[PDB]
Amino acid sequence: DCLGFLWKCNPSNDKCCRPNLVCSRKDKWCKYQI
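Heads up: the sequence shown at position 18 corresponds to 18 in the UniProt record's numbering, and the numbers run straight through without jumps.
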């Protein structure tokens, strides 16, 4: 599994399900790529 959405991401340790969910530089968390 991965880090879900609303979970703070780490650019260097991105363990989010990309590209569906992705670390947001804007939101600072992994969010959906809306």
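The beta-carbon is built from N, C-alpha and C at its ideal position, and this holds for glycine as well.
Taking just the CA atoms, how far does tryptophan 7 sit from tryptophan 29?
5 Å
Rounding to the nearest angstrom, what Cα-Cα distance links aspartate 1 and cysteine 17 in this structure?
When rounded, the separation of the alpha-carbon atoms in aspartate 1 and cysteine 17 is 8 Å.
Given a cut-off of 7 Å on the beta-carbon distance, is the pair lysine 31 and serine 24 in contact?
Yes, the Cβ-Cβ distance between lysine 31 and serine 24 is below 7 Å.
Could you name the residues that DSSP lists as bridge partners for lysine 8?
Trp29
Suppose the cutoff is 6 Å on Cβ atoms and the five residues either side in sequence are ignored; what does the same chain contact list for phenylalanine 5 look like?
Excluding sequence neighbours, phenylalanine 5 sits near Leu21, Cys30, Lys31 and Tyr32.
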